[PDB]
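File shown: protein_6.cif. Contents: mmCIF, C-alpha atoms.
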```
data_coords
#
loop_
_atom_site.group_PDB
_atom_site.id
_atom_site.type_symbol
_atom_site.label_atom_id
_atom_site.label_comp_id
_atom_site.auth_asym_id
_atom_site.auth_seq_id
_atom_site.Cartn_x
_atom_site.Cartn_y
_atom_site.Cartn_z
ATOM 1 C CA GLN F 1 -27.065 -2.425 -50.246
ATOM 2 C CA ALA F 2 -23.339 -3.084 -50.460
ATOM 3 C CA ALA F 3 -21.840 -3.013 -53.924
ATOM 4 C CA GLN F 4 -20.333 -6.455 -53.628
ATOM 5 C CA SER F 5 -22.742 -9.284 -52.824
ATOM 6 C CA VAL F 6 -21.457 -11.924 -50.399
ATOM 7 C CA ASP F 7 -24.027 -14.374 -51.796
ATOM 8 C CA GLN F 8 -22.782 -13.817 -55.361
ATOM 9 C CA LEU F 9 -19.172 -14.182 -54.194
ATOM 10 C CA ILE F 10 -19.803 -17.309 -52.157
ATOM 11 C CA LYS F 11 -21.574 -18.874 -55.183
ATOM 12 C CA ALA F 12 -18.408 -18.012 -57.169
ATOM 13 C CA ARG F 13 -16.564 -20.185 -54.595
ATOM 14 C CA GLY F 14 -18.982 -23.069 -55.198
ATOM 15 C CA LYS F 15 -21.241 -22.667 -52.163
ATOM 16 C CA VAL F 16 -25.032 -22.662 -52.323
ATOM 17 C CA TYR F 17 -25.889 -19.416 -50.516
ATOM 18 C CA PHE F 18 -25.027 -16.651 -48.081
ATOM 19 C CA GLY F 19 -28.273 -15.640 -46.366
ATOM 20 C CA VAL F 20 -29.866 -13.870 -43.395
ATOM 21 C CA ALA F 21 -32.649 -14.189 -40.834
ATOM 22 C CA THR F 22 -35.617 -11.923 -41.558
ATOM 23 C CA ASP F 23 -39.436 -11.705 -41.466
ATOM 24 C CA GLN F 24 -42.306 -9.410 -42.474
ATOM 25 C CA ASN F 25 -41.427 -6.884 -39.757
ATOM 26 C CA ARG F 26 -37.948 -6.261 -41.213
ATOM 27 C CA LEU F 27 -38.892 -6.730 -44.899
ATOM 28 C CA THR F 28 -41.383 -3.861 -44.628
ATOM 29 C CA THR F 29 -39.107 -1.373 -42.835
ATOM 30 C CA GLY F 30 -35.788 0.416 -43.475
ATOM 31 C CA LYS F 31 -33.478 -0.902 -46.171
ATOM 32 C CA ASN F 32 -33.649 -4.590 -45.223
ATOM 33 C CA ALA F 33 -35.511 -5.814 -48.313
ATOM 34 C CA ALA F 34 -33.157 -3.931 -50.642
ATOM 35 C CA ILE F 35 -30.079 -5.255 -48.860
ATOM 36 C CA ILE F 36 -31.388 -8.829 -48.979
ATOM 37 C CA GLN F 37 -32.290 -8.448 -52.678
ATOM 38 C CA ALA F 38 -28.758 -7.243 -53.476
ATOM 39 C CA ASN F 39 -26.495 -9.123 -51.151
ATOM 40 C CA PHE F 40 -28.067 -12.348 -49.900
ATOM 41 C CA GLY F 41 -29.484 -15.475 -51.560
ATOM 42 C CA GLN F 42 -31.369 -17.176 -48.752
ATOM 43 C CA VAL F 43 -33.616 -16.268 -45.812
ATOM 44 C CA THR F 44 -34.579 -17.920 -42.543
ATOM 45 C CA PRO F 45 -37.705 -16.728 -40.734
ATOM 46 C CA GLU F 46 -36.324 -15.221 -37.539
ATOM 47 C CA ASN F 47 -39.604 -16.092 -35.768
ATOM 48 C CA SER F 48 -42.630 -16.626 -37.998
ATOM 49 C CA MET F 49 -42.183 -20.418 -38.363
ATOM 50 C CA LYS F 50 -41.689 -21.166 -34.665
ATOM 51 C CA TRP F 51 -44.337 -23.051 -32.723
ATOM 52 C CA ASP F 52 -45.621 -19.996 -30.783
ATOM 53 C CA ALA F 53 -46.134 -18.119 -34.054
ATOM 54 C CA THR F 54 -47.632 -20.954 -36.100
ATOM 55 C CA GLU F 55 -49.749 -23.023 -33.663
ATOM 56 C CA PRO F 56 -50.649 -20.783 -30.730
ATOM 57 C CA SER F 57 -53.583 -23.043 -29.948
ATOM 58 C CA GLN F 58 -53.691 -26.680 -30.947
ATOM 59 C CA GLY F 59 -54.930 -27.191 -34.485
ATOM 60 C CA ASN F 60 -55.508 -23.427 -34.900
ATOM 61 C CA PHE F 61 -52.596 -22.505 -37.166
ATOM 62 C CA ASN F 62 -51.430 -18.990 -38.005
ATOM 63 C CA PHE F 63 -49.532 -18.946 -41.286
ATOM 64 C CA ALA F 64 -49.824 -15.245 -42.114
ATOM 65 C CA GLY F 65 -46.215 -14.347 -41.183
ATOM 66 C CA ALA F 66 -44.675 -17.532 -42.575
ATOM 67 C CA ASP F 67 -46.614 -17.185 -45.835
ATOM 68 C CA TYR F 68 -45.389 -13.554 -46.136
ATOM 69 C CA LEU F 69 -41.765 -14.713 -45.791
ATOM 70 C CA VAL F 70 -42.096 -17.633 -48.215
ATOM 71 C CA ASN F 71 -43.929 -15.562 -50.809
ATOM 72 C CA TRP F 72 -41.392 -12.705 -50.543
ATOM 73 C CA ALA F 73 -38.523 -15.186 -50.864
ATOM 74 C CA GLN F 74 -40.022 -16.864 -53.951
ATOM 75 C CA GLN F 75 -40.800 -13.506 -55.585
ATOM 76 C CA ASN F 76 -37.206 -12.376 -55.042
ATOM 77 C CA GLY F 77 -35.399 -15.622 -55.901
ATOM 78 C CA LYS F 78 -34.222 -16.386 -52.379
ATOM 79 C CA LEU F 79 -33.859 -19.850 -50.909
ATOM 80 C CA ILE F 80 -35.609 -20.667 -47.644
ATOM 81 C CA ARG F 81 -34.550 -22.532 -44.496
ATOM 82 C CA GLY F 82 -37.567 -23.388 -42.355
ATOM 83 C CA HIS F 83 -37.019 -22.818 -38.657
ATOM 84 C CA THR F 84 -37.872 -24.619 -36.371
ATOM 85 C CA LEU F 85 -40.265 -27.540 -35.835
ATOM 86 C CA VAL F 86 -39.404 -29.149 -32.485
ATOM 87 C CA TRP F 87 -37.886 -26.968 -29.765
ATOM 88 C CA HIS F 88 -38.441 -26.326 -26.052
ATOM 89 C CA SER F 89 -38.318 -22.519 -26.360
ATOM 90 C CA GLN F 90 -41.045 -20.349 -27.857
ATOM 91 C CA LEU F 91 -43.360 -23.288 -27.187
ATOM 92 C CA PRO F 92 -46.990 -22.675 -26.194
ATOM 93 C CA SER F 93 -48.093 -23.833 -22.761
ATOM 94 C CA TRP F 94 -50.729 -26.100 -24.354
ATOM 95 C CA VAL F 95 -47.842 -28.259 -25.614
ATOM 96 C CA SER F 96 -45.572 -28.212 -22.585
ATOM 97 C CA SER F 97 -48.507 -29.144 -20.275
ATOM 98 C CA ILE F 98 -49.114 -32.446 -22.148
ATOM 99 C CA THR F 99 -48.068 -35.507 -20.130
ATOM 100 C CA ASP F 100 -49.452 -38.332 -22.274
ATOM 101 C CA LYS F 101 -47.027 -40.036 -24.684
ATOM 102 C CA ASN F 102 -49.494 -40.694 -27.500
ATOM 103 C CA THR F 103 -51.061 -37.236 -27.205
ATOM 104 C CA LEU F 104 -47.693 -35.465 -27.513
ATOM 105 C CA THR F 105 -46.416 -37.808 -30.233
ATOM 106 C CA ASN F 106 -49.482 -37.084 -32.362
ATOM 107 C CA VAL F 107 -49.288 -33.329 -31.612
ATOM 108 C CA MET F 108 -45.618 -33.224 -32.626
ATOM 109 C CA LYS F 109 -46.194 -35.224 -35.795
ATOM 110 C CA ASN F 110 -49.153 -33.027 -36.733
ATOM 111 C CA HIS F 111 -47.160 -29.855 -36.133
ATOM 112 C CA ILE F 112 -44.288 -31.098 -38.306
ATOM 113 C CA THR F 113 -46.455 -32.483 -41.090
ATOM 114 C CA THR F 114 -48.748 -29.451 -41.277
ATOM 115 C CA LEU F 115 -45.934 -26.885 -41.665
ATOM 116 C CA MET F 116 -43.819 -28.972 -44.015
ATOM 117 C CA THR F 117 -46.791 -29.938 -46.224
ATOM 118 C CA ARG F 118 -47.960 -26.333 -46.529
ATOM 119 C CA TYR F 119 -44.589 -25.352 -48.038
ATOM 120 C CA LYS F 120 -43.851 -28.717 -49.680
ATOM 121 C CA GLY F 121 -41.222 -28.436 -52.417
ATOM 122 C CA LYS F 122 -40.456 -24.767 -51.629
ATOM 123 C CA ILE F 123 -38.002 -25.150 -48.745
ATOM 124 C CA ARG F 124 -34.314 -26.121 -49.086
ATOM 125 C CA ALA F 125 -33.924 -27.213 -45.476
ATOM 126 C CA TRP F 126 -35.806 -27.465 -42.198
ATOM 127 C CA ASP F 127 -34.358 -27.210 -38.700
ATOM 128 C CA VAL F 128 -36.501 -30.150 -37.556
ATOM 129 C CA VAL F 129 -35.048 -30.337 -34.039
ATOM 130 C CA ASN F 130 -33.407 -27.336 -32.345
ATOM 131 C CA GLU F 131 -31.257 -27.304 -29.188
ATOM 132 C CA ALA F 132 -31.628 -30.990 -28.313
ATOM 133 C CA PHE F 133 -28.318 -31.129 -26.405
ATOM 134 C CA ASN F 134 -27.090 -30.088 -22.989
ATOM 135 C CA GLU F 135 -23.624 -28.541 -22.796
ATOM 136 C CA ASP F 136 -22.218 -31.854 -21.490
ATOM 137 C CA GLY F 137 -23.505 -33.702 -24.581
ATOM 138 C CA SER F 138 -26.448 -35.418 -22.883
ATOM 139 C CA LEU F 139 -29.928 -34.792 -24.287
ATOM 140 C CA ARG F 140 -31.702 -31.696 -22.962
ATOM 141 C CA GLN F 141 -34.586 -32.372 -20.593
ATOM 142 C CA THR F 142 -37.526 -31.054 -22.627
ATOM 143 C CA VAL F 143 -41.194 -32.030 -22.700
ATOM 144 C CA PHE F 144 -40.510 -34.058 -25.865
ATOM 145 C CA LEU F 145 -37.717 -36.082 -24.241
ATOM 146 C CA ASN F 146 -39.649 -36.580 -21.022
ATOM 147 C CA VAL F 147 -43.026 -37.498 -22.459
ATOM 148 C CA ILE F 148 -42.174 -39.192 -25.773
ATOM 149 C CA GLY F 149 -38.690 -40.440 -24.802
ATOM 150 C CA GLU F 150 -35.472 -41.005 -26.774
ATOM 151 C CA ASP F 151 -37.612 -41.887 -29.787
ATOM 152 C CA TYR F 152 -38.794 -38.238 -30.201
ATOM 153 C CA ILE F 153 -35.805 -37.442 -32.405
ATOM 154 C CA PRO F 154 -36.194 -40.524 -34.663
ATOM 155 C CA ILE F 155 -39.936 -39.831 -34.882
ATOM 156 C CA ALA F 156 -39.500 -36.128 -35.659
ATOM 157 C CA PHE F 157 -37.112 -36.816 -38.536
ATOM 158 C CA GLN F 158 -39.035 -39.787 -39.970
ATOM 159 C CA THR F 159 -42.190 -37.648 -39.951
ATOM 160 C CA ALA F 160 -40.384 -34.743 -41.598
ATOM 161 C CA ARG F 161 -39.001 -36.955 -44.381
ATOM 162 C CA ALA F 162 -42.500 -38.258 -45.072
ATOM 163 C CA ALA F 163 -43.934 -34.726 -45.310
ATOM 164 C CA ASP F 164 -41.439 -33.301 -47.823
ATOM 165 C CA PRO F 165 -38.634 -35.566 -49.101
ATOM 166 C CA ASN F 166 -37.047 -32.628 -51.006
ATOM 167 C CA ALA F 167 -36.092 -30.725 -47.901
ATOM 168 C CA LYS F 168 -32.742 -31.253 -46.228
ATOM 169 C CA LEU F 169 -33.540 -32.222 -42.620
ATOM 170 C CA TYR F 170 -31.336 -30.570 -40.036
ATOM 171 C CA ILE F 171 -30.599 -30.920 -36.370
ATOM 172 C CA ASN F 172 -29.525 -27.444 -35.212
ATOM 173 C CA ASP F 173 -27.630 -26.292 -32.122
ATOM 174 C CA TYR F 174 -25.319 -23.684 -30.585
ATOM 175 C CA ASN F 175 -21.940 -24.011 -28.872
ATOM 176 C CA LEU F 176 -20.715 -26.419 -31.563
ATOM 177 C CA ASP F 177 -17.860 -23.968 -32.201
ATOM 178 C CA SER F 178 -14.944 -25.719 -30.509
ATOM 179 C CA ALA F 179 -13.625 -29.156 -31.458
ATOM 180 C CA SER F 180 -12.636 -29.923 -27.826
ATOM 181 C CA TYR F 181 -16.048 -29.041 -26.348
ATOM 182 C CA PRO F 182 -18.196 -32.003 -25.210
ATOM 183 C CA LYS F 183 -21.300 -30.774 -27.006
ATOM 184 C CA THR F 184 -19.584 -30.747 -30.410
ATOM 185 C CA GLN F 185 -18.247 -34.269 -30.019
ATOM 186 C CA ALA F 186 -21.586 -35.526 -28.692
ATOM 187 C CA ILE F 187 -23.765 -34.297 -31.541
ATOM 188 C CA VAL F 188 -21.330 -35.915 -34.003
ATOM 189 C CA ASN F 189 -21.495 -39.263 -32.197
ATOM 190 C CA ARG F 190 -25.286 -39.216 -31.886
ATOM 191 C CA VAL F 191 -25.881 -38.103 -35.492
ATOM 192 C CA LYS F 192 -23.608 -40.908 -36.782
ATOM 193 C CA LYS F 193 -25.583 -43.412 -34.699
ATOM 194 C CA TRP F 194 -29.017 -41.997 -35.532
ATOM 195 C CA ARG F 195 -28.214 -42.104 -39.237
ATOM 196 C CA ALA F 196 -27.005 -45.725 -38.950
ATOM 197 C CA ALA F 197 -30.322 -46.533 -37.238
ATOM 198 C CA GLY F 198 -32.233 -45.082 -40.197
ATOM 199 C CA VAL F 199 -33.074 -41.624 -38.860
ATOM 200 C CA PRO F 200 -33.126 -39.289 -41.878
ATOM 201 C CA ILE F 201 -30.800 -36.559 -40.661
ATOM 202 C CA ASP F 202 -29.413 -34.737 -43.714
ATOM 203 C CA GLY F 203 -27.670 -31.859 -41.980
ATOM 204 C CA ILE F 204 -26.000 -30.556 -38.865
ATOM 205 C CA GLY F 205 -26.707 -26.848 -38.369
ATOM 206 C CA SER F 206 -24.191 -24.956 -36.232
ATOM 207 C CA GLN F 207 -25.838 -21.757 -34.987
ATOM 208 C CA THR F 208 -22.484 -20.019 -34.423
ATOM 209 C CA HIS F 209 -23.691 -17.387 -31.937
ATOM 210 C CA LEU F 210 -20.218 -16.196 -30.968
ATOM 211 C CA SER F 211 -18.522 -13.956 -28.472
ATOM 212 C CA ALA F 212 -15.386 -12.115 -29.506
ATOM 213 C CA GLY F 213 -12.442 -14.281 -30.521
ATOM 214 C CA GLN F 214 -14.467 -17.488 -30.909
ATOM 215 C CA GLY F 215 -14.220 -17.572 -34.722
ATOM 216 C CA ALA F 216 -10.778 -19.247 -34.756
ATOM 217 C CA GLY F 217 -12.028 -22.474 -33.176
ATOM 218 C CA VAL F 218 -14.686 -22.945 -35.875
ATOM 219 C CA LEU F 219 -11.827 -23.829 -38.272
ATOM 220 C CA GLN F 220 -11.477 -27.129 -36.378
ATOM 221 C CA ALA F 221 -15.066 -27.519 -35.120
ATOM 222 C CA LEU F 222 -16.784 -27.433 -38.507
ATOM 223 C CA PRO F 223 -14.677 -30.243 -40.030
ATOM 224 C CA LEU F 224 -15.424 -32.214 -36.830
ATOM 225 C CA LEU F 225 -19.170 -31.666 -37.381
ATOM 226 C CA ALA F 226 -18.778 -32.720 -41.012
ATOM 227 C CA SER F 227 -17.138 -35.986 -39.863
ATOM 228 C CA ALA F 228 -20.615 -37.181 -38.778
ATOM 229 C CA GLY F 229 -21.127 -37.916 -42.486
ATOM 230 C CA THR F 230 -24.300 -35.937 -43.075
ATOM 231 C CA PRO F 231 -24.793 -34.784 -46.684
ATOM 232 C CA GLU F 232 -24.664 -31.168 -45.473
ATOM 233 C CA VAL F 233 -23.488 -28.964 -42.683
ATOM 234 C CA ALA F 234 -24.227 -25.248 -42.449
ATOM 235 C CA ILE F 235 -23.478 -22.177 -40.395
ATOM 236 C CA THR F 236 -27.063 -21.328 -39.556
ATOM 237 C CA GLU F 237 -27.300 -18.273 -37.212
ATOM 238 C CA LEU F 238 -23.963 -16.482 -37.347
ATOM 239 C CA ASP F 239 -23.427 -13.368 -35.275
ATOM 240 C CA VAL F 240 -20.358 -12.225 -33.336
ATOM 241 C CA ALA F 241 -20.139 -9.870 -30.374
ATOM 242 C CA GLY F 242 -18.076 -6.884 -31.627
ATOM 243 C CA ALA F 243 -18.311 -8.122 -35.259
ATOM 244 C CA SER F 244 -14.534 -8.331 -35.701
ATOM 245 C CA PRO F 245 -13.377 -9.042 -39.232
ATOM 246 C CA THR F 246 -11.100 -11.688 -37.707
ATOM 247 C CA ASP F 247 -13.974 -13.712 -36.259
ATOM 248 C CA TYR F 248 -16.166 -13.380 -39.364
ATOM 249 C CA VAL F 249 -13.391 -14.314 -41.824
ATOM 250 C CA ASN F 250 -12.515 -17.371 -39.707
ATOM 251 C CA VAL F 251 -16.120 -18.634 -39.864
ATOM 252 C CA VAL F 252 -16.295 -18.023 -43.628
ATOM 253 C CA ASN F 253 -12.959 -19.855 -44.119
ATOM 254 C CA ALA F 254 -14.239 -22.781 -42.050
ATOM 255 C CA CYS F 255 -17.191 -23.172 -44.417
ATOM 256 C CA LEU F 256 -14.923 -22.770 -47.480
ATOM 257 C CA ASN F 257 -12.652 -25.531 -46.083
ATOM 258 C CA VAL F 258 -15.510 -28.023 -45.556
ATOM 259 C CA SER F 259 -16.873 -29.547 -48.767
ATOM 260 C CA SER F 260 -20.213 -30.432 -47.167
ATOM 261 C CA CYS F 261 -20.751 -26.905 -45.848
ATOM 262 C CA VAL F 262 -23.420 -25.557 -48.187
ATOM 263 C CA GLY F 263 -23.530 -22.001 -46.923
ATOM 264 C CA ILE F 264 -23.875 -19.456 -44.173
ATOM 265 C CA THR F 265 -26.802 -17.569 -42.697
ATOM 266 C CA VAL F 266 -26.175 -14.461 -40.538
ATOM 267 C CA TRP F 267 -28.783 -13.817 -37.835
ATOM 268 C CA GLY F 268 -30.171 -10.495 -39.041
ATOM 269 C CA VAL F 269 -29.200 -7.595 -41.284
ATOM 270 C CA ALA F 270 -28.494 -4.434 -39.231
ATOM 271 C CA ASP F 271 -26.965 -4.165 -35.741
ATOM 272 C CA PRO F 272 -29.883 -2.362 -34.010
ATOM 273 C CA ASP F 273 -32.223 -5.156 -35.118
ATOM 274 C CA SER F 274 -30.129 -8.001 -33.696
ATOM 275 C CA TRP F 275 -31.474 -10.063 -30.822
ATOM 276 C CA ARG F 276 -28.084 -9.070 -29.287
ATOM 277 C CA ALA F 277 -28.097 -5.482 -30.626
ATOM 278 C CA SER F 278 -26.005 -3.920 -27.805
ATOM 279 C CA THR F 279 -23.089 -6.156 -28.921
ATOM 280 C CA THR F 280 -23.344 -4.743 -32.492
ATOM 281 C CA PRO F 281 -22.755 -8.279 -33.834
ATOM 282 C CA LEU F 282 -23.944 -8.073 -37.457
ATOM 283 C CA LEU F 283 -22.563 -7.041 -40.869
ATOM 284 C CA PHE F 284 -24.490 -3.798 -41.402
ATOM 285 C CA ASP F 285 -24.610 -0.848 -39.024
ATOM 286 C CA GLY F 286 -27.576 1.263 -37.861
ATOM 287 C CA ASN F 287 -27.179 3.394 -41.014
ATOM 288 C CA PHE F 288 -27.686 0.200 -43.078
ATOM 289 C CA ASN F 289 -24.112 0.518 -44.359
ATOM 290 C CA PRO F 290 -21.734 -2.431 -44.623
ATOM 291 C CA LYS F 291 -19.310 -2.766 -41.714
ATOM 292 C CA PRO F 292 -15.599 -3.666 -41.844
ATOM 293 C CA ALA F 293 -16.469 -7.362 -41.372
ATOM 294 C CA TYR F 294 -18.750 -7.304 -44.439
ATOM 295 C CA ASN F 295 -15.957 -5.816 -46.555
ATOM 296 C CA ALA F 296 -13.498 -8.357 -45.111
ATOM 297 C CA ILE F 297 -15.744 -11.263 -46.091
ATOM 298 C CA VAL F 298 -16.107 -9.830 -49.596
ATOM 299 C CA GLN F 299 -12.343 -9.451 -49.911
ATOM 300 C CA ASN F 300 -11.718 -12.975 -48.629
ATOM 301 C CA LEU F 301 -14.188 -14.470 -51.101
ATOM 302 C CA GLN F 302 -12.799 -12.516 -54.109
#
```

Would you write the structure of this file as structure tokens?
Amino acid sequence: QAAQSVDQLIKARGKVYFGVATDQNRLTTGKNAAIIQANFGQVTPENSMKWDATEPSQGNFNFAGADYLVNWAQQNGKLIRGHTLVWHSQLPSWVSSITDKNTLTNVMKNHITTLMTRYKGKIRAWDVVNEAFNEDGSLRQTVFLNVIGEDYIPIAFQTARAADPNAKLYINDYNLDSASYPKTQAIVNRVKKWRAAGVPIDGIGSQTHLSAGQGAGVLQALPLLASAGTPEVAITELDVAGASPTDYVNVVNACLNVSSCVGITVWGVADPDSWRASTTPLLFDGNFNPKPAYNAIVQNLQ
């Protein structure tokens, strides 16, 4: 636990939260729970709310991990971002083998409604659709696009809104970190149009999985995302190869500069536990001590 809390300090700058990805595995080992209690104000389940975890066979839900996370969060006064309802990765084969439009539509709606209803009123935001875009800005060829069609995104969001109107409904994606990159421009254009059509998209989530030196571009990319006119944007899965203070401070400043940016979530607590551990991309080291980037964020926020 670092003495200064980045969540406390970001709240002092008028933001909603600074949070982290976690789950039962991390909360019940090492110093993760204590660090989150002290320094962070929000959690995203790193895995326990994904489709593989929650609906491994159709209509046979497994909420044990997700319930653990939600209960721990509520007990410790942490906000929750649900993650993620419709996505082509970590998707059971029973879903991806469906070829019938009505079958998949009903499956998708049931999956959304079941998860969101279980936690109704407890969740600040849901990543309803994850990774819907190709790098060129076209829509990714997934089972949902192929079998349901263009309408899968409208349907997913309309269904989500119906299940829990309190939750902020996000579309989430990576490589939205440069203002000149086709993907960033595309998601803005499509979100503007979807919203005008009546699709209830409340937020754009920018994952912000960076390599070294990519932080600087976020200063221009995040305002570009915010120009879509969603109520919120957020940095949802921040990590940075090498964890340079320069990259981390740039991403924090981008959020500070964007009125609709509600907060930042970093994708894990300690380096060894990162999905990209060998790149030591997080804010705490393998001794569970704050790294230079953590201190730099603190100092910037003060």

**Point (-45.3, -22.7, -29.4), cut-off 8 Å, counting only C-alpha atoms, residues as a ChimeraX atom specification** = /F:50-56,89-93,95

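Distance annotation: of F:191, F:239, F:72, F:250, the residue with the minimal separation from residue F:284 is F:239; atom set is all atoms listed in the file.
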
**Message:** Evaluate the PyMOL selection byres ((chain F and resi 139) around 12) against this structure - the residues, as a ChimeraX atom specification, please.
**Reply:** /F:129-138,140-146,149-153,173,183,186-187,190

**Request:** Please provide as a PyMOL selection string all residues within 10 Å of residue F:156, with the sequence filter that same-chain residues fewer than 2 positions apart are discarded (counting all atoms listed in the file).
**Result:** chain F and resi 85-86+105+108-109+111-113+128-129+151-154+158-161+169+199-200

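Picture a line from atom CA of residue F:175 to atom CA of residue F:288; it runs 28.7 Å.
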
Give me stretch 152-170 of chain F with N, CA, C and O atoms filled in, as a PDB file, keeping the file's coordinate frame.
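The resulting file, selection.pdb, is reproduced below:
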```pdb
ATOM      1  N   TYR F 152     -38.186 -39.467 -29.632  1.00  0.00           N
ATOM      2  CA  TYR F 152     -38.794 -38.238 -30.201  1.00  0.00           C
ATOM      3  C   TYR F 152     -37.979 -37.735 -31.382  1.00  0.00           C
ATOM      4  O   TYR F 152     -38.548 -37.196 -32.341  1.00  0.00           O
ATOM      5  N   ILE F 153     -36.660 -37.914 -31.318  1.00  0.00           N
ATOM      6  CA  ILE F 153     -35.805 -37.442 -32.405  1.00  0.00           C
ATOM      7  C   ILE F 153     -35.962 -38.319 -33.659  1.00  0.00           C
ATOM      8  O   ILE F 153     -36.282 -37.801 -34.731  1.00  0.00           O
ATOM      9  N   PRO F 154     -35.781 -39.664 -33.549  1.00  0.00           N
ATOM     10  CA  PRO F 154     -36.194 -40.524 -34.663  1.00  0.00           C
ATOM     11  C   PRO F 154     -37.570 -40.193 -35.260  1.00  0.00           C
ATOM     12  O   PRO F 154     -37.717 -40.086 -36.483  1.00  0.00           O
ATOM     13  N   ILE F 155     -38.581 -40.068 -34.401  1.00  0.00           N
ATOM     14  CA  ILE F 155     -39.936 -39.831 -34.882  1.00  0.00           C
ATOM     15  C   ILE F 155     -40.018 -38.483 -35.616  1.00  0.00           C
ATOM     16  O   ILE F 155     -40.589 -38.388 -36.710  1.00  0.00           O
ATOM     17  N   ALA F 156     -39.436 -37.441 -35.031  1.00  0.00           N
ATOM     18  CA  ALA F 156     -39.500 -36.128 -35.659  1.00  0.00           C
ATOM     19  C   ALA F 156     -38.932 -36.155 -37.072  1.00  0.00           C
ATOM     20  O   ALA F 156     -39.535 -35.628 -38.008  1.00  0.00           O
ATOM     21  N   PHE F 157     -37.759 -36.755 -37.221  1.00  0.00           N
ATOM     22  CA  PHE F 157     -37.112 -36.816 -38.536  1.00  0.00           C
ATOM     23  C   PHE F 157     -37.839 -37.730 -39.513  1.00  0.00           C
ATOM     24  O   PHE F 157     -37.978 -37.380 -40.691  1.00  0.00           O
ATOM     25  N   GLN F 158     -38.331 -38.888 -39.050  1.00  0.00           N
ATOM     26  CA  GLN F 158     -39.035 -39.787 -39.970  1.00  0.00           C
ATOM     27  C   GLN F 158     -40.314 -39.110 -40.503  1.00  0.00           C
ATOM     28  O   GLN F 158     -40.678 -39.222 -41.663  1.00  0.00           O
ATOM     29  N   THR F 159     -40.979 -38.382 -39.610  1.00  0.00           N
ATOM     30  CA  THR F 159     -42.190 -37.648 -39.951  1.00  0.00           C
ATOM     31  C   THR F 159     -41.871 -36.534 -40.938  1.00  0.00           C
ATOM     32  O   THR F 159     -42.586 -36.329 -41.931  1.00  0.00           O
ATOM     33  N   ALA F 160     -40.793 -35.802 -40.673  1.00  0.00           N
ATOM     34  CA  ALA F 160     -40.384 -34.743 -41.598  1.00  0.00           C
ATOM     35  C   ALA F 160     -40.094 -35.282 -43.013  1.00  0.00           C
ATOM     36  O   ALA F 160     -40.514 -34.700 -44.026  1.00  0.00           O
ATOM     37  N   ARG F 161     -39.325 -36.363 -43.083  1.00  0.00           N
ATOM     38  CA  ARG F 161     -39.001 -36.955 -44.381  1.00  0.00           C
ATOM     39  C   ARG F 161     -40.273 -37.301 -45.152  1.00  0.00           C
ATOM     40  O   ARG F 161     -40.345 -37.134 -46.362  1.00  0.00           O
ATOM     41  N   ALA F 162     -41.257 -37.852 -44.448  1.00  0.00           N
ATOM     42  CA  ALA F 162     -42.500 -38.258 -45.072  1.00  0.00           C
ATOM     43  C   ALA F 162     -43.278 -37.068 -45.618  1.00  0.00           C
ATOM     44  O   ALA F 162     -44.008 -37.181 -46.620  1.00  0.00           O
ATOM     45  N   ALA F 163     -43.148 -35.927 -44.945  1.00  0.00           N
ATOM     46  CA  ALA F 163     -43.934 -34.726 -45.310  1.00  0.00           C
ATOM     47  C   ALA F 163     -43.391 -34.021 -46.553  1.00  0.00           C
ATOM     48  O   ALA F 163     -44.174 -33.534 -47.387  1.00  0.00           O
ATOM     49  N   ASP F 164     -42.068 -33.930 -46.653  1.00  0.00           N
ATOM     50  CA  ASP F 164     -41.439 -33.301 -47.823  1.00  0.00           C
ATOM     51  C   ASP F 164     -40.054 -33.890 -48.014  1.00  0.00           C
ATOM     52  O   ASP F 164     -39.085 -33.400 -47.404  1.00  0.00           O
ATOM     53  N   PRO F 165     -39.934 -34.905 -48.888  1.00  0.00           N
ATOM     54  CA  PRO F 165     -38.634 -35.566 -49.101  1.00  0.00           C
ATOM     55  C   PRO F 165     -37.585 -34.695 -49.802  1.00  0.00           C
ATOM     56  O   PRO F 165     -36.427 -35.083 -49.867  1.00  0.00           O
ATOM     57  N   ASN F 166     -37.993 -33.537 -50.325  1.00  0.00           N
ATOM     58  CA  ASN F 166     -37.047 -32.628 -51.006  1.00  0.00           C
ATOM     59  C   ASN F 166     -36.218 -31.796 -50.043  1.00  0.00           C
ATOM     60  O   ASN F 166     -35.142 -31.296 -50.395  1.00  0.00           O
ATOM     61  N   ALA F 167     -36.753 -31.592 -48.852  1.00  0.00           N
ATOM     62  CA  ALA F 167     -36.092 -30.725 -47.901  1.00  0.00           C
ATOM     63  C   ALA F 167     -34.930 -31.432 -47.229  1.00  0.00           C
ATOM     64  O   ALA F 167     -35.035 -32.612 -46.878  1.00  0.00           O
ATOM     65  N   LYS F 168     -33.825 -30.727 -47.029  1.00  0.00           N
ATOM     66  CA  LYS F 168     -32.742 -31.253 -46.228  1.00  0.00           C
ATOM     67  C   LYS F 168     -33.096 -31.081 -44.740  1.00  0.00           C
ATOM     68  O   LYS F 168     -33.429 -29.978 -44.303  1.00  0.00           O
ATOM     69  N   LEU F 169     -33.088 -32.188 -44.002  1.00  0.00           N
ATOM     70  CA  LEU F 169     -33.540 -32.222 -42.620  1.00  0.00           C
ATOM     71  C   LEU F 169     -32.368 -32.026 -41.687  1.00  0.00           C
ATOM     72  O   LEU F 169     -31.452 -32.845 -41.656  1.00  0.00           O
ATOM     73  N   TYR F 170     -32.409 -30.925 -40.936  1.00  0.00           N
ATOM     74  CA  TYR F 170     -31.336 -30.570 -40.036  1.00  0.00           C
ATOM     75  C   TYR F 170     -31.681 -30.741 -38.559  1.00  0.00           C
ATOM     76  O   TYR F 170     -32.817 -30.482 -38.115  1.00  0.00           O
TER      77      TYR F 170
END
```
